[PDB]
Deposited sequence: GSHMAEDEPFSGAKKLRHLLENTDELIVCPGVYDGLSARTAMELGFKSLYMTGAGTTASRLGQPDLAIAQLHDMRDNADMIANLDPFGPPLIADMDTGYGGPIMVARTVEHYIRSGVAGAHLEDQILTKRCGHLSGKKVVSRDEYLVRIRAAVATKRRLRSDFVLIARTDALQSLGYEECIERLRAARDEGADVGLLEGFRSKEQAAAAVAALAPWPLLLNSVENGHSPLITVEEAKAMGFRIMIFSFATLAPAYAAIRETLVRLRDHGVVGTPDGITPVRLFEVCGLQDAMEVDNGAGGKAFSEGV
């Protein structure tokens, strides 16, 4: 109904429906505009993608609050009445003060939700901090969203599986739940059985499945994830990866054959249309221009 109400919209989807919320991972204006064009009900802003696109760098804690907030603020608000945005917030970019600032900035920027992880600050796409230090992050985040009277959906992410194992992950999610996290994310399942098991272990508290295209986790389909009981599923590299493959293929053709060769329906005007040309023309015409 109201503009900039992504958090309320996501919260409604989570609490008022049983649907699996499918969130394509977007990383810039073009990828986000394309997801919106196609009618996705929620979007996900990847940190890895944001770093690659906005900074041309690997996902090694190089993007910080300013870059992440700027990208999320841009994407969340392309349409003030558009789909909610879940955004990576990494480790919160510092201690509790920075976690709170991050949540506050995301909330202000119309971001619907974000995932906060237990990696050491010098993180990567892997060591984690203590359970207690993780919970300091979660507490700082929850207190902020409450202080701000926001419906912001905080997703507690654990990267502990690799180094600490399943039980530890489940216990961290349970602890995070108690501190006020709204959704859990056990990063990098090793098997589909294990994914269903984590859902069962934490039910009825909602989980989010992070599908990493061409990564090191099992390929789980949307229908498989829904049947498993997941409530959100994000697709981290859903746009960055095909963008790279296409850009590379095209530039190789340009290099070797002196032509770009992009299907002719992809015109500048169509691109502008995807990126809000109509809205802009309406503004201009409406203003008496």
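In this chain the deposited sequence has gaps in the coordinates at 1-6, 132-136, 301-307, listed in sequence order.
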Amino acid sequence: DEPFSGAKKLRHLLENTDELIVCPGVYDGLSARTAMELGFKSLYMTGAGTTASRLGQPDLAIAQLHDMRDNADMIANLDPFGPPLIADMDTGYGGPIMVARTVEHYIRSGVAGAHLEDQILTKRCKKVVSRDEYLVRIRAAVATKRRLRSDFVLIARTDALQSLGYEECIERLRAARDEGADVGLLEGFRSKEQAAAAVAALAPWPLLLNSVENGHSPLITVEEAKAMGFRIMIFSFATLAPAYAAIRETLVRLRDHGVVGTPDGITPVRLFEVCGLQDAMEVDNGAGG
From here on, numbers count along this sequence of modelled residues.
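If you average the C-alpha B-factors over 61-69 and over 216-224, the higher value belongs to 216-224.
In this crystal structure, the stretch out of 103-111 and 188-196 whose C-alpha atoms carry the higher mean B factor is 188-196. Per the PDB record, 259 has a higher Cα B-factor than any other of 232, 245, 259, 30. The residue among 121, 183, 98, 116 whose C-alpha atom has the highest B-factor in the PDB entry is 121. Split the chain's modelled residues into thirds by C-alpha temperature factor. Residue 88 is in the lowest one.
Ranked by Cα temperature factor within the chain, residue 203 sits in the highest third according to the deposited record. Split the chain's modelled residues into thirds by C-alpha temperature factor. Residue 139 is in the lowest one. Among all modelled residues in this chain, the alpha-carbon of residue 175 has a temperature factor (C-alpha) in the middle third.
In this PDB entry, residue 209 carries a Cα temperature factor that places it within the middle third of its chain's modelled residues.
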